[PDB]
$ cat query_26.pdb   # PDB, C-alpha atoms
ATOM      1  CA  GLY A   1      78.411 -21.602 -36.733
ATOM      2  CA  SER A   2      78.930 -25.035 -38.268
ATOM      3  CA  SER A   3      82.706 -25.491 -38.321
ATOM      4  CA  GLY A   4      84.632 -28.338 -39.919
ATOM      5  CA  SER A   5      87.217 -27.866 -42.660
ATOM      6  CA  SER A   6      86.884 -31.496 -43.746
ATOM      7  CA  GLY A   7      83.505 -33.153 -44.206
ATOM      8  CA  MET A   8      82.284 -36.612 -43.225
ATOM      9  CA  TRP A   9      80.972 -39.383 -45.476
ATOM     10  CA  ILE A  10      79.116 -42.663 -44.970
ATOM     11  CA  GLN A  11      78.023 -45.726 -46.940
ATOM     12  CA  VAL A  12      74.261 -46.249 -47.149
ATOM     13  CA  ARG A  13      73.795 -49.870 -48.214
ATOM     14  CA  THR A  14      70.350 -51.440 -48.585
ATOM     15  CA  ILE A  15      69.648 -54.165 -46.030
ATOM     16  CA  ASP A  16      69.134 -56.460 -49.019
ATOM     17  CA  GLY A  17      72.440 -55.487 -50.601
ATOM     18  CA  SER A  18      71.881 -54.328 -54.172
ATOM     19  CA  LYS A  19      72.907 -50.668 -54.315
ATOM     20  CA  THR A  20      75.255 -48.588 -52.163
ATOM     21  CA  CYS A  21      75.783 -44.823 -52.052
ATOM     22  CA  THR A  22      78.264 -42.464 -50.393
ATOM     23  CA  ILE A  23      76.668 -39.439 -48.730
ATOM     24  CA  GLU A  24      79.101 -36.555 -48.250
ATOM     25  CA  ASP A  25      79.038 -33.144 -46.566
ATOM     26  CA  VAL A  26      78.306 -34.585 -43.121
ATOM     27  CA  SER A  27      79.085 -32.989 -39.759
ATOM     28  CA  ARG A  28      79.811 -34.575 -36.380
ATOM     29  CA  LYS A  29      76.985 -32.519 -34.874
ATOM     30  CA  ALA A  30      74.700 -32.998 -37.876
ATOM     31  CA  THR A  31      71.151 -34.049 -36.997
ATOM     32  CA  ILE A  32      69.770 -37.301 -38.401
ATOM     33  CA  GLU A  33      66.772 -35.512 -39.909
ATOM     34  CA  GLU A  34      69.206 -33.827 -42.297
ATOM     35  CA  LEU A  35      70.771 -37.172 -43.210
ATOM     36  CA  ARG A  36      67.544 -38.833 -44.349
ATOM     37  CA  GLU A  37      66.996 -35.955 -46.777
ATOM     38  CA  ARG A  38      70.034 -37.193 -48.701
ATOM     39  CA  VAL A  39      68.981 -40.844 -48.887
ATOM     40  CA  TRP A  40      65.557 -39.497 -49.842
ATOM     41  CA  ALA A  41      67.040 -37.526 -52.737
ATOM     42  CA  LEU A  42      69.273 -40.339 -53.989
ATOM     43  CA  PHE A  43      67.068 -43.393 -53.456
ATOM     44  CA  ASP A  44      64.004 -41.198 -53.975
ATOM     45  CA  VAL A  45      62.465 -42.652 -50.814
ATOM     46  CA  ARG A  46      60.600 -40.647 -48.177
ATOM     47  CA  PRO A  47      62.439 -40.081 -44.867
ATOM     48  CA  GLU A  48      59.795 -42.193 -43.131
ATOM     49  CA  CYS A  49      59.709 -45.029 -45.665
ATOM     50  CA  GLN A  50      63.474 -45.565 -45.604
ATOM     51  CA  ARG A  51      64.812 -47.132 -42.407
ATOM     52  CA  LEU A  52      68.381 -46.799 -41.133
ATOM     53  CA  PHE A  53      70.028 -49.430 -38.934
ATOM     54  CA  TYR A  54      73.485 -49.335 -37.351
ATOM     55  CA  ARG A  55      75.252 -51.995 -35.286
ATOM     56  CA  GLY A  56      71.868 -53.647 -34.836
ATOM     57  CA  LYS A  57      70.447 -50.422 -33.424
ATOM     58  CA  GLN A  58      67.426 -48.853 -35.122
ATOM     59  CA  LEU A  59      68.906 -45.409 -35.771
ATOM     60  CA  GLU A  60      66.569 -42.744 -34.389
ATOM     61  CA  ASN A  61      65.901 -39.211 -35.631
ATOM     62  CA  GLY A  62      66.077 -35.810 -33.964
ATOM     63  CA  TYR A  63      69.501 -36.428 -32.446
ATOM     64  CA  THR A  64      72.944 -35.667 -33.872
ATOM     65  CA  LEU A  65      75.626 -38.155 -34.911
ATOM     66  CA  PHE A  66      77.545 -37.015 -31.830
ATOM     67  CA  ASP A  67      74.744 -38.347 -29.628
ATOM     68  CA  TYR A  68      75.059 -41.813 -31.159
ATOM     69  CA  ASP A  69      78.799 -41.283 -31.608
ATOM     70  CA  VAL A  70      78.856 -42.367 -35.254
ATOM     71  CA  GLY A  71      82.212 -43.015 -36.895
ATOM     72  CA  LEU A  72      83.580 -41.928 -40.266
ATOM     73  CA  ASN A  73      82.650 -44.183 -43.184
ATOM     74  CA  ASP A  74      80.245 -46.234 -41.069
ATOM     75  CA  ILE A  75      78.044 -48.678 -42.978
ATOM     76  CA  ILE A  76      74.338 -48.387 -42.177
ATOM     77  CA  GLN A  77      71.799 -50.900 -43.478
ATOM     78  CA  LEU A  78      68.906 -49.227 -45.297
ATOM     79  CA  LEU A  79      65.468 -50.845 -45.118
ATOM     80  CA  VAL A  80      62.741 -49.193 -47.193
ATOM     81  CA  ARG A  81      59.020 -49.941 -46.954
ATOM     82  CA  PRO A  82      56.650 -50.734 -49.854
ATOM     83  CA  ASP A  83      53.563 -48.754 -50.861
ATOM     84  CA  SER A  84      51.738 -50.014 -47.770
ATOM     85  CA  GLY A  85      48.420 -48.802 -49.148
ATOM     86  CA  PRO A  86      47.393 -45.686 -51.105
ATOM     87  CA  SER A  87      47.278 -43.884 -47.758
ATOM     88  CA  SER A  88      47.955 -40.254 -48.674
ATOM     89  CA  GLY A  89      46.982 -36.955 -47.079
TER      90      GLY A  89
END

$ encode --input "query_26.pdb" --output "structure tokens"
Amino acid sequence: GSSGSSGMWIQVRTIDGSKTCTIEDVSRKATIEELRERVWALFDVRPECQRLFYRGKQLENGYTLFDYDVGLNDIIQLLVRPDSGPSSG
């Protein structure tokens, strides 16, 4: 199945620039949906509230790093959204 002796890591820095993390255990064919989960567990921010930007390109979800051709140790600006109302299912 998912092969890859060595794993991939990236630096998730907040657009503002206050805190930076280093997500590990990443695959070249790893979907973005799986990535958010991490940033959502570390920064405790929903996968929809937290925004990911790379090279001035609003990173999309559903596709795999391969699709976007992401590099190893690539910095991606993280922009989270505020409450934005009590809106809740």

$ residues_around --input "query_26.pdb" --residues "residue 67 in chain A" --least-positions-apart "3" --cutoff "12 Å" --atoms "only C-alpha atoms" --output "ChimeraX atom specification"
/A:28-32,59-64,70-71

$ closest_residue --input "query_26.pdb" --among "A:10, A:65, A:57, A:19" --to "residue 33 in chain A" --atoms "only C-alpha atoms"
A:65

$ atom_distance --input "query_26.pdb" --atom1 "CA of residue 9 in chain A" --atom2 "CA of residue 24 in chain A"
4.4 Å

$ closest_residue --input "query_26.pdb" --among "A:75, A:23, A:52, A:35" --to "residue 8 in chain A" --atoms "all atoms listed in the file"
A:23

$ residues_around --input "query_26.pdb" --residues "residue 80 in chain A" --least-positions-apart "4" --cutoff "6 Å" --atoms "all atoms listed in the file" --output "VMD selection string"
chain A and resid 49 to 51

$ atom_distance --input "query_26.pdb" --atom1 "CA of residue 40 in chain A" --atom2 "CA of residue 7 in chain A"
19.9 Å

$ closest_residue --input "query_26.pdb" --among "A:37, A:74, A:69, A:83" --to "residue 22 in chain A" --atoms "only C-alpha atoms"
A:74

$ closest_residue --input "query_26.pdb" --among "A:34, A:26, A:89, A:48" --to "residue 11 in chain A" --atoms "all atoms listed in the file"
A:26

$ atom_distance --input "query_26.pdb" --atom1 "CA of residue 53 in chain A" --atom2 "CA of residue 76 in chain A"
5.5 Å

$ residues_around --input "query_26.pdb" --residues "residue 39 in chain A" --least-positions-apart "6" --cutoff "9 Å" --atoms "only C-alpha atoms" --output "list in words"
residues 12, 21, 23, 45, 46, 47 and 50 of chain A

$ axis_aligned_box --input "query_26.pdb" --around "range 8-12 of chain A" --padding-each-side "4 Å" --output "AutoDock Vina command-line options"
--center_x 78.3 --center_y -41.4 --center_z -45.2 --size_x 16.0 --size_y 17.6 --size_z 11.9

$ closest_residue --input "query_26.pdb" --among "A:73, A:87, A:82, A:43" --to "residue 14 in chain A" --atoms "all atoms listed in the file"
A:43

$ build_atoms --input "query_26.pdb" --residues "range 66-87 of chain A" --atoms "N, CA, C and O atoms" --output "mmCIF file, in the coordinates of the input"
data_model
loop_
_atom_site.group_PDB
_atom_site.id
_atom_site.type_symbol
_atom_site.label_atom_id
_atom_site.label_comp_id
_atom_site.auth_asym_id
_atom_site.auth_seq_id
_atom_site.Cartn_x
_atom_site.Cartn_y
_atom_site.Cartn_z
ATOM 1 N N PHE A 66 76.813 -37.079 -33.090
ATOM 2 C CA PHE A 66 77.545 -37.015 -31.830
ATOM 3 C C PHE A 66 76.842 -37.831 -30.750
ATOM 4 O O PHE A 66 77.470 -38.624 -30.048
ATOM 5 N N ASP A 67 75.535 -37.630 -30.622
ATOM 6 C CA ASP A 67 74.744 -38.347 -29.628
ATOM 7 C C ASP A 67 74.984 -39.850 -29.725
ATOM 8 O O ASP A 67 75.273 -40.507 -28.725
ATOM 9 N N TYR A 68 74.859 -40.387 -30.933
ATOM 10 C CA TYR A 68 75.059 -41.813 -31.159
ATOM 11 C C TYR A 68 76.543 -42.142 -31.295
ATOM 12 O O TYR A 68 76.940 -43.306 -31.242
ATOM 13 N N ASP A 69 77.357 -41.107 -31.467
ATOM 14 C CA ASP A 69 78.799 -41.283 -31.608
ATOM 15 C C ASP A 69 79.126 -42.107 -32.848
ATOM 16 O O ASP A 69 79.824 -43.119 -32.768
ATOM 17 N N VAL A 70 78.618 -41.669 -33.996
ATOM 18 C CA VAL A 70 78.856 -42.367 -35.254
ATOM 19 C C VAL A 70 80.275 -42.121 -35.758
ATOM 20 O O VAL A 70 80.824 -41.033 -35.591
ATOM 21 N N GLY A 71 80.862 -43.140 -36.376
ATOM 22 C CA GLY A 71 82.212 -43.015 -36.895
ATOM 23 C C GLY A 71 82.235 -42.618 -38.358
ATOM 24 O O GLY A 71 81.193 -42.578 -39.015
ATOM 25 N N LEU A 72 83.425 -42.325 -38.870
ATOM 26 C CA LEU A 72 83.580 -41.928 -40.266
ATOM 27 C C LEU A 72 83.569 -43.146 -41.183
ATOM 28 O O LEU A 72 84.285 -44.118 -40.948
ATOM 29 N N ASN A 73 82.752 -43.084 -42.230
ATOM 30 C CA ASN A 73 82.650 -44.183 -43.184
ATOM 31 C C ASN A 73 81.993 -45.401 -42.543
ATOM 32 O O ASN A 73 82.411 -46.536 -42.770
ATOM 33 N N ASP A 74 80.962 -45.157 -41.742
ATOM 34 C CA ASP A 74 80.245 -46.234 -41.069
ATOM 35 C C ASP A 74 79.101 -46.751 -41.936
ATOM 36 O O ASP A 74 78.254 -45.979 -42.388
ATOM 37 N N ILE A 75 79.083 -48.060 -42.165
ATOM 38 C CA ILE A 75 78.044 -48.678 -42.978
ATOM 39 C C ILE A 75 76.736 -48.796 -42.203
ATOM 40 O O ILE A 75 76.713 -49.299 -41.079
ATOM 41 N N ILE A 76 75.651 -48.331 -42.810
ATOM 42 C CA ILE A 76 74.338 -48.387 -42.177
ATOM 43 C C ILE A 76 73.310 -49.031 -43.100
ATOM 44 O O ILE A 76 72.993 -48.495 -44.162
ATOM 45 N N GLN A 77 72.792 -50.183 -42.688
ATOM 46 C CA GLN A 77 71.799 -50.900 -43.478
ATOM 47 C C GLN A 77 70.560 -50.039 -43.706
ATOM 48 O O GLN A 77 70.047 -49.413 -42.777
ATOM 49 N N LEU A 78 70.085 -50.013 -44.946
ATOM 50 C CA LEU A 78 68.906 -49.227 -45.297
ATOM 51 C C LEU A 78 67.734 -50.136 -45.654
ATOM 52 O O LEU A 78 67.803 -50.910 -46.609
ATOM 53 N N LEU A 79 66.657 -50.034 -44.882
ATOM 54 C CA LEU A 79 65.468 -50.845 -45.118
ATOM 55 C C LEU A 79 64.270 -49.966 -45.463
ATOM 56 O O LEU A 79 63.715 -49.287 -44.600
ATOM 57 N N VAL A 80 63.875 -49.986 -46.733
ATOM 58 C CA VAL A 80 62.741 -49.193 -47.193
ATOM 59 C C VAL A 80 61.446 -49.998 -47.128
ATOM 60 O O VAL A 80 61.465 -51.227 -47.170
ATOM 61 N N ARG A 81 60.324 -49.293 -47.026
ATOM 62 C CA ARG A 81 59.020 -49.941 -46.954
ATOM 63 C C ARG A 81 58.245 -49.750 -48.254
ATOM 64 O O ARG A 81 58.344 -48.716 -48.917
ATOM 65 N N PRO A 82 57.456 -50.767 -48.630
ATOM 66 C CA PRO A 82 56.650 -50.734 -49.854
ATOM 67 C C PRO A 82 55.494 -49.744 -49.759
ATOM 68 O O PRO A 82 55.322 -49.072 -48.743
ATOM 69 N N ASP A 83 54.704 -49.661 -50.824
ATOM 70 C CA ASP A 83 53.563 -48.754 -50.861
ATOM 71 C C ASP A 83 52.847 -48.727 -49.514
ATOM 72 O O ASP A 83 52.666 -47.668 -48.916
ATOM 73 N N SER A 84 52.439 -49.903 -49.044
ATOM 74 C CA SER A 84 51.738 -50.014 -47.770
ATOM 75 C C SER A 84 50.383 -49.315 -47.833
ATOM 76 O O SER A 84 49.950 -48.687 -46.867
ATOM 77 N N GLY A 85 49.718 -49.428 -48.980
ATOM 78 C CA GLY A 85 48.420 -48.802 -49.148
ATOM 79 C C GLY A 85 48.518 -47.421 -49.764
ATOM 80 O O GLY A 85 49.530 -46.731 -49.637
ATOM 81 N N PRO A 86 47.447 -46.997 -50.452
ATOM 82 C CA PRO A 86 47.393 -45.686 -51.105
ATOM 83 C C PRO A 86 47.322 -44.541 -50.101
ATOM 84 O O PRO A 86 47.251 -43.372 -50.482
ATOM 85 N N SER A 87 47.344 -44.884 -48.817
ATOM 86 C CA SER A 87 47.278 -43.884 -47.758
ATOM 87 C C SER A 87 48.054 -42.628 -48.147
ATOM 88 O O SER A 87 49.274 -42.665 -48.306
#
